[PDB]
Protein chains: 2
Amino acid sequence: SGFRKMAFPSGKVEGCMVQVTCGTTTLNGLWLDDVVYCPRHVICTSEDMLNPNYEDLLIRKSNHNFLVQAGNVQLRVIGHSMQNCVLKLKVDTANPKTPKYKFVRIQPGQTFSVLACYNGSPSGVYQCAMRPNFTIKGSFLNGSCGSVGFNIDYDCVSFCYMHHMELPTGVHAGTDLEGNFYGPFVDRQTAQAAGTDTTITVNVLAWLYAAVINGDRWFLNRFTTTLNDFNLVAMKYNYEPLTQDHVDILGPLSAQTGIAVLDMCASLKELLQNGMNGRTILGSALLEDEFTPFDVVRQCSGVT
Amino acid sequence: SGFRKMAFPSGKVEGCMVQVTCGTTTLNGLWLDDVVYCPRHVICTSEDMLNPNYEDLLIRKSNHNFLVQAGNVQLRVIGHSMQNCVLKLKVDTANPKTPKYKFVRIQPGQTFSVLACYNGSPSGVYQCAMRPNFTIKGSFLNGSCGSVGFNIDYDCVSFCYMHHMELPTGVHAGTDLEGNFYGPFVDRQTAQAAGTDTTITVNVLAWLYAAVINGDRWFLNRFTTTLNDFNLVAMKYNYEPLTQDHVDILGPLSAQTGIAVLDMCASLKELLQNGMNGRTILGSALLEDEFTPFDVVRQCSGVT
Ligand SMILES: CC(=O)Nc1ccncc1NC(=O)[C@@H](C)c1cccc(Cl)c1
Ligand SMILES: CC(=O)Nc1ccncc1NC(=O)[C@@H](C)c1cccc(Cl)c1
């Protein structure tokens with residue numbers, strides 16, 4: 001028992017982190033096979049970030065200008081290319097620690113672990129959710145760019161995020177491993193505001209099921225609701241509309257606890273309308289939305 | 001910017017996890033050099049756990065009864081001994097992945113990362129605090145025993161916790177790596193209640209400093225207090241009394257923000273007396289106490 005914001009074990013990803021330096025700029029790269037992936041803004045100075053022409057900037061750069069270091073050993077760069085907002089540096093040595101991996105573009109509301117890194121060295125690991133507005137609420141400082149987000153399926157690492165930018169709001173923006181930003185963000189030092197961030201209803205419901213499984217039952221009531229009635233409440237509280245696909249994914253949790261999804265929706269509706277009244281659920285005084293139904297089942301079943 | 005419950009990268013510890021089986025019981029072991037450390041209750045059946053005589057139980061066990069597996073390879077057991085509540089299994093092979101390590105007995109209020117494991121395989125990593133009542137609020141299921149807690153200082157892993165037991169309360173109890181339980185707990189299936197759990201005042205203060213550093217300043221007020229006046233409030237709200245040692249440790253955070261420790265104590269006093277009024281601090285609707293002043297400085301400076 002007990003429920004925690006749990007991250008995947010980070011070892012397979014630690015073995016891939018390298019330091020990439022170009023001119024005066026140093027950030028992190030991801031070494032998989034004979035390719036190092038890093039944010040393309042490594043070729044920029046803070047002066048260039050105001051309005052960078054990455055094609056023209058990359059033209060003044062050769063293989064020897066990209067310094068890649070894996071711990072204390074230098075990798076020889078034999079090729080460089082730009083794919084969307086990432087640079088791909090071909091090195092002459094395949095990473096001997098390359099795990100079985102995939103590149104995946106996650107959907108908003110899905111979760112992933114982040115291995116924060118500085119100068120190619122891992123500092124920490126935490127669990128994140130891709131917000132419905134395509135930002136992440138991470139913990140990143142200057143030098144953290146190139147830190148990756150991932151999921152693990154037994155022995156396979158699915159890389160889904162590469163950190164690129166911190167908005168003036170203090171929220172984070174980045175790309176998939178093909179260099180496509182999540183959301184409308186561009187890799188430019190300009191005012192970019194994150195749109196309205198809604199609460200991931202299906203995740204809050206999954207977390208309510210985790211609370212019931214782990215003993216916290218005070219919020220359960222004698223009521224039920226319909227998808228349309230619940231969604232009228234969800235709109236008012238900036239919660240994502242619940243669909244039958246969401247109800248379907250909550251099926252295993254509903255079967256485990258014996259509580260119908262719409263009954264759990266009525267508990268959530270009353271929690272939205274009346275608050276927690278000073279009470280807590282799984283040690284939290286607010287409705288947690290960064291656990292997917294898959295995360296709840298995984299943690300409550302012990303998937304390694 | 002951004003503040004998260006961050007765990008240490010787990011790779012060095014993943015390379016040490018093994019599966020230990022004795023009779024019908026399977027749990028996790030920690031392989032360092034030519035020794036495997038695991039909870040001694042591995043020699044018990046659930047029938048034995050009611051009132052186990054570990055000395056008599058261990059007498060009916062030989063080196064060949066302890067099956068140690070590191071992934072898919074079997075380790076040859078050449079010795080076995082009981083040290084307090086842990087068994088030490090001498091194997092004929094030193095772990096090639098043994099990191100630089102230490103065994104440390106942490107103090108209540110200190111934090112550490114847990115690598116939850118099942119059948120010698122890592123499932124996840126999360127940050128914990130040793131509660132003032134010597135329990136931890138973790139996430140552990142049947143099979144998780146032997147999962148360890150640790151801290152990392154550059155390249156050295158300081159192992160501080162080994163998971164042994166879940167109390168009927170749903171909180172967790174375990175030992176240091178010499179087999180000494182934290183708290184009054186015994187490795188027996190008997191009613192053991194965790195004493196009163198207080199809030200780690202110095203950690204809440206450090207987290208208030210992290211909030212100020214990261215932009216959340218609404219709670220700052222025009223007031224100050226004294227250690228004795230603040231402690232009268234701390235007693236009423238089951239908060240650990242603040243000492244000058246605590247004020248001293250908060251020094252770097254006070255210097256960074258320019259806010260005197262006693263001024264931050266007055267903000268905390270008003271937060272205790274009036275609550276958050278529906279507001280949040282670092283995404284939390286309650287006062288967080290599982291970040292030490294060292295964790296705040298580390299996360300806010302990017303120590304790898
Ligand atoms: C100073 C500082 O803490 N930065 C950071 C902190 C946390 N994450 C990233 C960063 N870095 C950035 O956001 C910068 C270099 C930037 C600016 C404009 C566009 C892009 Cl793609 C990147
Ligand atoms: C069933 C189940 O989820 N267990 C567990 C869940 C989470 N942690 C540990 C455990 N295991 C225990 O607490 C058990 C085996 C036990 C009982 C009495 C004394 C000790 Cl030292 C140990």
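Each answer follows from the model by the rule given with it, or from the source it names; none is laboratory data. When we count neighbours, we look across all protein chains shown, and the Cβ atoms used for this are built from the backbone with ideal geometry, even at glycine.
Using the structure shown, decide if B:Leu242 is buried (at least 17 other Cβ atoms within 10 Å of the Cβ), more than 14 Å from B:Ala210 (Cβ to Cβ) and either in the same structural domain as B:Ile213 (by CATH) or more than 24 Å from the chain's Cα centre (by Cα) (or both). Lay out the reasoning, then the answer.
Working: buried (at least 17 other Cβ atoms within 10 Å of the Cβ): yes; more than 14 Å from B:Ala210 (Cβ to Cβ): yes; either in the same structural domain as B:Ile213 (by CATH) or more than 24 Å from the chain's Cα centre (by Cα) (or both): yes.
Against the criterion (buried (at least 17 other Cβ atoms within 10 Å of the Cβ), more than 14 Å from B:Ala210 (Cβ to Cβ) and either in the same structural domain as B:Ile213 (by CATH) or more than 24 Å from the chain's Cα centre (by Cα) (or both)), B:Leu242 qualifies.
Kindly establish whether B:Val303 is buried (at least 19 other Cβ atoms within 10 Å of the Cβ) and within 21 Å of the chain's Cα centre (by Cα).
Against the criterion (buried (at least 19 other Cβ atoms within 10 Å of the Cβ) and within 21 Å of the chain's Cα centre (by Cα)), B:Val303 does not qualify.
Would you please name the residue that is nearest to ligand 1 (Cβ to nearest atom), looking only at residues in the range B:141-184 that are part of a loop (DSSP other than H, G, I, E, B), touching a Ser or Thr at 6+ places or on another chain (Cβ under 8 Å) and more than 14 Å from chain A (Cβ to nearest Cβ)?
Checked the range B:141-184; the qualifying residue nearest to ligand 1 (Cβ to nearest atom) is B:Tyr182.
Tally the residues that are away from ligand 2 (no atom under 16 Å from the Cβ) and either in contact (Cβ under 8 Å) with a residue 24 or more places away in the chain or in contact with a strand residue (DSSP E or B) (Cβ under 7 Å, 6 or more places away or on another chain) (or both), restricting the search to the range A:1-25.
Of the residues in that region, 17 qualify.
Within the group B:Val114, B:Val77, which residue is under 21 Å from B:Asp187 (Cα atoms) and in contact with a strand residue (DSSP E or B) (Cβ under 6 Å, 6 or more places away or on another chain)?
Criteria check complete, one pass: B:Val114.
Do the conditions hold for A:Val86, that is, is it more than 14 Å from ligand 1 (Cβ to nearest atom) and of a type in the set (A, V, I, L, M)? Give the steps one after another, and end with the answer.
Values: more than 14 Å from ligand 1 (Cβ to nearest atom): no; of a type in the set (A, V, I, L, M): yes.
No: the conditions fail for A:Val86.
Considering the range A:41-70 alone, what residues qualify as being without any contact (Cβ under 8 Å) to a residue 24 or more places away in the chain and among the small types (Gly, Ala, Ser)?
Selection gives A:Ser62 alone.
What is the residue count in the range B:284-304 for residues that are more than 8 Å from chain A (Cβ to nearest Cβ) and not in a helix (DSSP H, G or I)?
Final tally of qualifying residues: 6.
Output the number of the condition that B:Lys137 fails; it satisfies all remaining conditions of (1) of a type outside the set (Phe, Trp, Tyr); (2) more than 9 Å from chain A (Cβ to nearest Cβ); (3) more than 10 Å from ligand 2 (Cβ to nearest atom).
With (1) of a type outside the set (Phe, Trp, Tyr); (2) more than 9 Å from chain A (Cβ to nearest Cβ); (3) more than 10 Å from ligand 2 (Cβ to nearest atom) applied to B:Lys137, the lone miss is (2).
Which ones in the range A:173-195 are exposed (fewer than 15 other Cβ atoms within 10 Å of the Cβ), hydroxyl-bearing (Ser, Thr, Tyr) and closer than 24 Å to A:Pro241 by Cα?
none
Going by what's in this entry, would A:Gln83 be described as closer than 27 Å to A:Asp153 by Cα and not assigned by CATH to the domain that holds A:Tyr182? Lay out the reasoning, then the answer.
Details: closer than 27 Å to A:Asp153 by Cα: yes; not assigned by CATH to the domain that holds A:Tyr182: yes.
In short, yes.
Suppose we keep only residues that are surrounded by fewer than 21 Cβ atoms within 10 Å (Cβ to Cβ) and in contact (Cβ under 8 Å) with a residue 40 or more places away in the chain within the range A:133-153. Which one would you say is farthest from A:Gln74 (Cα to Cα)? Lay out the reasoning, then the answer.
If we filter the range A:133-153 for residues that are surrounded by fewer than 21 Cβ atoms within 10 Å (Cβ to Cβ), which is where we start, we get A:133-134, A:137, A:141-142, A:151, A:153.
Retained after the next criterion (residues that are in contact (Cβ under 8 Å) with a residue 40 or more places away in the chain): A:133-134, A:151.
On the way: A:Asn133: 39, A:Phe134: 35, A:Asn151: 28 Å.
Filtering the range A:133-153 for residues that are surrounded by fewer than 21 Cβ atoms within 10 Å (Cβ to Cβ) and in contact (Cβ under 8 Å) with a residue 40 or more places away in the chain, the one farthest from A:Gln74 (Cα to Cα) comes out as A:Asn133.
Given the condition of a type in the set (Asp, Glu) and surrounded by 15 or more Cβ atoms within 10 Å (Cβ to Cβ), answer yes or no: does some residue in the range A:16-38 qualify? Lay out the reasoning, then the answer.
As a first pass, look at the range A:16-38 and keep what is of a type in the set (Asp, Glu): A:33-34.
Now narrow it down to the ones that are surrounded by 15 or more Cβ atoms within 10 Å (Cβ to Cβ): A:34.
The answer is yes, given that some residue of the range A:16-38 is of a type in the set (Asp, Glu) and surrounded by 15 or more Cβ atoms within 10 Å (Cβ to Cβ).
Where in the range B:219-283 are the helices (runs of 4 or more DSSP H), entirely inside, with at least 3 residues that are under 30 Å from A:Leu287 (Cβ atoms)? Show your work before the answer.
Working: elements: B:227-236, B:244-249, B:251-257, B:261-274.
So the answer is B:227-236, B:261-274.
Given the condition in contact with a helix residue (DSSP H, G or I) (Cβ under 9 Å, 6 or more places away or on another chain) and β-branched (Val, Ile, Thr), answer yes or no: does some residue in the range A:32-43 qualify? Even if it seems obvious, please write down each step before you answer.
So the first thing to find is which residues in the range A:32-43 are in contact with a helix residue (DSSP H, G or I) (Cβ under 9 Å, 6 or more places away or on another chain), and the list is A:40-41, A:43.
Add one more test, that the residue is β-branched (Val, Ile, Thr), and what stays is A:43.
Among the residues of the range A:32-43, at least one is in contact with a helix residue (DSSP H, G or I) (Cβ under 9 Å, 6 or more places away or on another chain) and β-branched (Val, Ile, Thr), which makes the answer yes.
What single numbered condition from (1) more than 14 Å from chain A (Cβ to nearest Cβ); (2) of a type in the set (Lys, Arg); (3) away from ligand 2 (no atom under 16 Å from the Cβ) fails to hold for B:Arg217?
Only one criterion is unmet by B:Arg217, namely (1).
So, in the range B:225-271, how many residues would count as being over 25 Å from B:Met130 (Cα atoms) and among the acidic types (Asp, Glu)?
Within the range B:225-271, residues that are over 25 Å from B:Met130 (Cα atoms) and among the acidic types (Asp, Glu) number 3.
Count, please, the residues in the range A:159-172 that happen to be of a type outside the set (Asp, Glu), surrounded by fewer than 24 Cβ atoms within 10 Å (Cβ to Cβ) and farther than 16 Å from A:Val36 by Cα.
Matching residues across the range A:159-172 total 6.
Return yes when B:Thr198 is more than 13 Å from ligand 2 (Cβ to nearest atom), surrounded by 16 or more Cβ atoms within 10 Å (Cβ to Cβ) and not charged (D, E, K, R) and no when it is not.
yes
Could you tell me whether any residue of the range B:49-71 is over 18 Å from B:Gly179 (Cβ atoms), within 13 Å of ligand 2 (Cβ to nearest atom) and touching a helix residue (DSSP H, G or I) at 6+ places or on another chain (Cβ under 9 Å)?
No, that holds for no residue.
The rows are residues; the columns are (1) within 14 Å of another protein chain (Cβ to nearest Cβ); (2) more than 17 Å from the chain's Cα centre (by Cα); (3) within 16 Å of ligand 2 (Cβ to nearest atom).
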| residue | (1), (2), (3) |
| --- | --- |
| A:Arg76 | no, yes, no |
| A:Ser81 | no, yes, no |
| A:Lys88 | no, yes, no |
| A:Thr93 | no, yes, no |
| A:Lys97 | yes, yes, no |
| A:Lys102 | no, no, no |
| A:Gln110 | no, no, no |
| A:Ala116 | yes, no, no |
